[PDB]
Amino acid sequence: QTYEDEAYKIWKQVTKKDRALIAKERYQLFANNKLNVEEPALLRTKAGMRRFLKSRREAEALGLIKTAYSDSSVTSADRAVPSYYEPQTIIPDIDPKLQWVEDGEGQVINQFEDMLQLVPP
Amino acid sequence: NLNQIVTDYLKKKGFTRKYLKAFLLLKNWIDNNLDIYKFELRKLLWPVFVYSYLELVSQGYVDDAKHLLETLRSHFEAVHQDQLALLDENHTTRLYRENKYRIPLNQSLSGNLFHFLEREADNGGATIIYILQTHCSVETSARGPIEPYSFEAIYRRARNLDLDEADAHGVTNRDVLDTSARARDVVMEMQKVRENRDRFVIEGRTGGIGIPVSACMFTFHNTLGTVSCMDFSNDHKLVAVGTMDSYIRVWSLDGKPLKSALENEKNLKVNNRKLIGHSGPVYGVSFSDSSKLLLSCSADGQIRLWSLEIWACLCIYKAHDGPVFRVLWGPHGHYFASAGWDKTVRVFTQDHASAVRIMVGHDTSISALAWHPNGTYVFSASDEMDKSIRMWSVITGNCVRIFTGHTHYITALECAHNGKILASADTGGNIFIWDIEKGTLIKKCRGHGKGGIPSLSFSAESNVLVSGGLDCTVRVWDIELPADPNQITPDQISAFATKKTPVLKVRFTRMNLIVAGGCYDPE
Amino acid sequence: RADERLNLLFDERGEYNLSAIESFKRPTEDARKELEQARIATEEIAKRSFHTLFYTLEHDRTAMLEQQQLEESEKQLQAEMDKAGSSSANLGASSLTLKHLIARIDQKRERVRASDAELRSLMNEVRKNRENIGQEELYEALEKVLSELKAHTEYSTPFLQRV
Amino acid sequence: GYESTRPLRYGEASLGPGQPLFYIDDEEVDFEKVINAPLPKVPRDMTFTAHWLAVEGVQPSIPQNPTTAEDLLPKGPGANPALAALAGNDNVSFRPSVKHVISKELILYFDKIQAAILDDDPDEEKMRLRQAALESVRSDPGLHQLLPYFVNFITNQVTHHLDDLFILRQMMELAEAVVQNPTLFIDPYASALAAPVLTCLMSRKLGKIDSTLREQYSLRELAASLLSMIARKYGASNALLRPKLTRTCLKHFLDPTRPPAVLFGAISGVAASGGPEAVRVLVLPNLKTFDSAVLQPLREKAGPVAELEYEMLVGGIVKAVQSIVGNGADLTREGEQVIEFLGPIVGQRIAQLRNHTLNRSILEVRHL
């Protein structure tokens, strides 16, 4: 520990409980390297992906990516670990130019402003 | 009783009681593996090509050798200039033939290469195996991969070691490993690889549930109900929709600009184009086997062949009398068939302006079409009084099967990939599964709402079926339920819903993933 | 400095932003309040780190073993003191004690003008925590600080149980 | 004339009791009111979008998909009880076990493959069996139900067996095999597959004389190549993968406290993930400082092991610098300028390479 970092220690303190829980579950799943036929099965649930969406919106608050998961786009346990610890809650991203984003009126906003042209009067 | 009539009729009739392909494939496989292996893997290109060209010259097909040399010269014009010019007999050829090529390689790399070559034995791997066995000898080693900055090279250069037998025998590893900077058992090893590989097959299915699949949905906005058809290119790069205003619009599914071969349109910036020239509603579109051709049929009675390189029409076919409702390319893309209002199916080939086969026998209009995966049989269905499916023979144009049992309008048809199954759907939500050879209904699925099922699709291995309906749903069916370990049928795996978006098209990609398509209507 | 430079090297689709490349080419409460502020400041960066960096998995085994040891110690200390002493939101365990009332309020939510989060906060504030003046909060602080010492699980393992 | 957009209104006359008659309402108008009317609104142009209707059989709860409030599941006696759980519904309580979902044959296949891959006998037949198992897992067409278990198995093996070079090598090989299967959707498991690879590539302690160094460094470079390929493949579906990987590798690299192995792994990871542009724009400016910081203190170590470590670090840095691209005394002038910029060791080697375009590229960032 003589060579370390305070932030690293803080992150360890925050994430240790969840990491230990996940590791224990995984170890119980693969006992003796034989696929135990009694442990709970690995399945995808809507709650986990809801948590992932919450995390994605939180990240978007920092202005790192653009997403349309906020309800305003269309009108017409709290695990303390990074997303990659729970691969069964991730959602692949979409190209920002091909996202279903609507204005207040109810018309879909066109993202290809390069190729748009104006009809002469 | 039908059996008595059939027996009486049958009794009354007296019924008694070459190398370039492999080279390209190997190059395409080599540029796939990791960069670590490529350095050594590239060493196999020159000997194989040289030996193949020499054999072709000796075999008497000098034309093939010339074609190979002129084709592949650009790939070695910066390495083998002198040798390539020589190839344009001398002692060089005799020396090459006498001494078999030496190529160092690692054990794991050799095993991976042998496994890959066995996997594609009939696709061209046999030629490479024979060439390597006969005209080549590879000295396997237990060292690590040879790279300009790998552990092996660094150790050899730093510790001032001496070359080995493989290193001794125009690029040579000496220039790199020097301060100035085993054999093989082919044939037998193939038997060992086959025996080991055959031990890892799955030969059953019991208990459990169906497969899970994903789905990507493409929605179209502001259509206002003037869309009649849809289609995706075979590689899912373009999408075309035919409208009720007689024109067709082609998009790019990734948004990248489209390209035209006309010089006047050099590097123009647009990601969607239009194809004009029809004079009525368009009811069918079919991307060719990238895709460079497109078909379309309308209510004026014409079939048009477009071009996706210059974006203009090329020909018109005028063999129909009345509306044309469906059109379809062949499974490989030279023949196409069309059916319409006048109760007749026709088979065209793009080389001829007239139908090569006419197929009579239906009693009412046609409403569906399909092709057999081997491209010699065609399916069709009719509506109204005569709701029967038929199977014609392209060679003779005579029906060979009839399937009966439907009671509603038939909206779609689809033939399995293995070639022994047929699926059809109607406006009552029923899906049928037919056994082609025995002409017997295997089972009926259920669950879809009334309104129609415009499209169907089969998995890669022909074990899963996905159907999209006009009730804004997508459903996945299991053809064969798992063996028990001791309103809706019990073989519906999944059923998704869309936000007021009827589905007009569903496709099965290579993976367990599908792509859909529909028109969004707020009302 | 390197991170500041790199922050502008990638676009939304994980591709180089040529404009950046060309630009580069150019020539009894105050102490409680302080503790609260420190804790929030620490946890803020703790959570912000989730979208910024990876971390090696070379310590999960030790954490799992430590948690197993702590659970075993807790169970061992149990069986002794026990014998001696003888709607959608994830509200928690207390939601059982007001399940019917919450359902009725949601059905009659129009009369109640409070918001869901405000109602949850009010319930938490009013939810029961569990002759001498000062003993109660003194003992609450004592047990809270003890739990804080336990929070230093990286160092409290050897001395947890009596010798 | 039956396409008119005006509303249709029916009048009602009355011939007599029980005999009503109907007529079409129609009022005369002046041409002024017709020719002076305003045109209707122009509907917007046609466009298309995209979203995920379902991931692995579950419908994400995003704005595009319909709300759960508003016929999608069998409820007959013959319906399997696990379908509702598979659909990911919240209301479900029963949690199916591994026996209820996977077929027995799949369980047997997984057990067989796991046993075969973990054989440490140096006999040739066992090696052939291992190779056949790897080929089968790579090219089997029906493993769609075993992806999560493969990922979890790799993660567990990397986590709990940090003191066995053979096991780490086998897990690296298995991870390489899985991603190359062309009939599996690996988009949502990119980070899951990346984390073990990063841990193996950039961990201080690996395994437990020169043969051990050879094995460790070979494992490190294999992991680097695997990470590079993964980042190049699945970098678009996951938005932040490349920045995160490059940032972590750069942060770890800029730390002299690490041993030579960790620094080598960090530079390799930076080069693999960031790409040529990130290398050229991040590592080159600080090479002069890094030289005096680490190489010279290490250069004075006369130990043959220290000599090998210094050679490896120098070679790795040289390869990273050369990854950007892969005449008289102008070449000497450029080399000397590089020596002034890059440093004695790295600069001298760069000058020795005798390349003009590479030196141009290196010096193109001098003003930074």
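What counts and what doesn't
- Residues numbered from 1 in each chain as written, not as in the entry; some residues may be left out.
- Chains lettered and ligands numbered in written order.
- Part of a larger assembly, values for the part shown.
- Heavy atoms only, no water.
- Contact = heavy atoms within 4.5 Å.
- Buried < 20%, exposed > 50% of the residue type's maximum accessible area, 1.4 Å probe, protein only.
- Helix = DSSP H or I, 4+ residues; strand = E, 2+ residues; numbered from the N terminus.
- Pairing = 2+ DSSP bridges.
- Patch = residues over 30% accessible without salt bridge, like charges linked within 9 Å, V, L, I, M, F, W, Y side chains within 5 Å.
- Areas by Shrake-Rupley, 256 points an atom, 1.4 Å probe, with all protein chains shown as cover.
- Salt bridge = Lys/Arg side-chain N within 4 Å of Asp/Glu carboxyl O.
- Core = buried A, V, L, I, M, F, W, Y, C linked by side-chain atoms within 4.5 Å.
- Polar contact = N/O pair within 3.5 Å; in protein donor to acceptor, adjacent residues only side chain to side chain.
- Nonpolar A, V, L, I, M, F, W, Y, C, P; charged D, E, K, R; others polar.
- Axes fitted to C-alpha atoms, helices over the stretch in contact; angles between N-to-C directions.
- Parallel < 35°, antiparallel > 145°, perpendicular 65-115°, else oblique.
- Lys, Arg positive; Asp, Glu negative; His and termini not counted.
- Charge placed at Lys NZ, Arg CZ, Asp CG, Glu CD.
- Arc of directions from axis to C-beta.

The deposited coordinates, according to the entry record, derive from cryo-EM at 3.2 Å resolution.

Draft legend 1. Looking closely at the arrangement of the chains. With five pairs of chains in contact overall, the contact-richest pair is chains B and D. One finds no contact linking chain B with chain C; the least C-alpha distance across the pair is 13 Å.

Draft legend 2. View of the pairing of strand 25 (residues 464-469) of chain B. Residue and element names in this part refer to chain B. When you tally the buried positions in strand 25, you get six out of six residues, the bulk of the element. Of the two faces of strand 25, the one lined by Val 464, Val 466 and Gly 468 and the one lined by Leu 465, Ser 467 and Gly 469 are each fully buried. The pairing of strand 24 (residues 455-458) with strand 25 spans four bridges and is antiparallel. Residue pairing for strand 25: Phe 458 is matched across the bridge by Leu 465. From the end of strand 24 to the start of strand 25, which pair antiparallel, there are five residues, and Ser 462 there has a positive phi angle of about 70°. Here strand 25 runs beside strand 26 (residues 473-478); their pairing, made up of six bridges, is antiparallel. The residue of strand 26 that forms the bridge with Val 466 is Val 476. The turn joining strand 25 and strand 26, which pair antiparallel and follow one another in sequence, is formed by three residues; a positive phi near 65° is taken by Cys 472.

Draft legend 3. Representation of unusual backbone geometry within the structure. The phi angle at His 236 of chain B is positive, at roughly 60°, despite the residue not being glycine. As for its placement among the helices and strands, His 236 of chain B is situated in the loop between strand 4 (231-232) and strand 5 (238-242). Residue classification places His 236 of chain B among the partly exposed positions, given a relative accessible area of 23%. One non-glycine residue with positive phi stands out, namely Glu 56 of chain D, at about 55°. For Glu 56 of chain D, a relative accessible area of 13% gives the class buried.

Draft legend 4. Looking closely at a nonpolar patch on the surface. A surface patch of nonpolar side chains, about 570 Å² in accessible area, is lined by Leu 138, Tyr 139, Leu 142, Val 145, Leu 146 and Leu 149 of chain C. Along the chain, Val 145 of chain C falls in helix 8 (residues 135-151).

Draft legend 5. How the structure looks around the nonpolar core. Among the nonpolar cores identified, the biggest contains 172 residues, and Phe 49 of chain B together with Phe 110 and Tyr 149 of chain D are the most heavily contacted of them. Broken down by element, the residue count for this core peaks at ten residues, all from helix 7 (residues 165-179) of chain D. Judged by nonpolar contacts, the second largest core, of 23 residues, contains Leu 98 of chain A, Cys 216 of chain B together with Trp 52 and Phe 185 of chain D.

Draft legend 6. Spotlight on the interface of chain C and chain D. Chain C puts 28 residues into the contact, and the matching count from chain D is 32 residues. Linking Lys 25 of chain C and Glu 364 of chain D is a salt bridge whose minimum nitrogen-to-oxygen distance equals 3.4 Å. At the junction of chain C with chain D, the criterion picks out ten residue pairs in polar contact. Elements that contribute at least two residues to the side of chain C that touches chain D include exactly helix 1 (2-6), helix 2 (18-25) and helix 4 (60-77) of chain C. Residue contributions to the side of chain C that touches chain D peak at four residues, all from helix 1 of chain C. Along the lines of polarity and charge, the residues of the side of chain C that touches chain D split into 14 nonpolar, five polar and nine charged.

Draft legend 7. Expanded view of the packing of helix 1 (residues 6-29) of chain A against helix 4 of chain C. Where helix 1 of chain A contacts helix 4 of chain C, the two axes come as close as 8 Å, and the packing angle between them is 90°. By the angle class used here, helix 1 of chain A and helix 4 of chain C are roughly perpendicular. Contacts between helix 1 of chain A and helix 4 of chain C involve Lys 16, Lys 17, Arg 19, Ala 20, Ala 23, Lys 24 and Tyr 27 of chain A from the first element and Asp 60, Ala 63, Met 64, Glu 66, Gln 67 and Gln 68 of chain C from the second. The residue inventory of the contact of helix 1 of chain A with helix 4 of chain C, partitioned by class, reads five nonpolar, two polar and six charged.

Draft legend 8. Summary view of a negative patch on the surface. All names here are of chain D. On the surface, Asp 120, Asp 121, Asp 123, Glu 124 and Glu 125 cluster together into a negatively charged patch. As for its placement among the helices and strands, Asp 123 is situated in the loop between helix 4 (104-117) and helix 5 (124-139). In this structure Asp 123 comes out as partly exposed when scored by relative accessible area, which is 33%.

Draft legend 9. Structural context of helix 9 (residues 121-135) of chain B. Residues and elements named next belong to chain B. For helix 9, every residue scored as buried is listed here: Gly 125, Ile 128, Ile 131, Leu 132 and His 135. In an axial view of helix 9, the angular spread of the buried residues amounts to 130°, which keeps them on one side of the axis. Next to the buried residues of helix 9 lie helix 2 (19-30), helix 4 (45-59), helix 7 (91-98), strand 1 (101-106), helix 8 (107-119) and strand 2 (136-141).

Draft legend 10. Representation of the pairing of strand 3 (residues 214-221) of chain B within the structure. Within strand 3 of chain B, eight of the eight residues are buried, which leaves the element mostly enclosed by the surrounding structure. Neither face of strand 3 of chain B is open: one carries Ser 214, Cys 216, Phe 218 and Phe 220 of chain B, the other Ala 215, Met 217, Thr 219 and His 221 of chain B, and all of them are buried. The pairing of strand 3 of chain B with strand 29 (residues 513-519) of chain B spans seven bridges and is classified as parallel. By the bridge assignment for strand 29 of chain B, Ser 214 of chain B is matched with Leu 513 of chain B. Pairing geometry for strand 3 of chain B and strand 3 (residues 47-54) of chain D, over seven bridges, is antiparallel. Residue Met 217 of chain B lies in a different strand from strand 3 of chain D, and its bridge partner there is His 51 of chain D.

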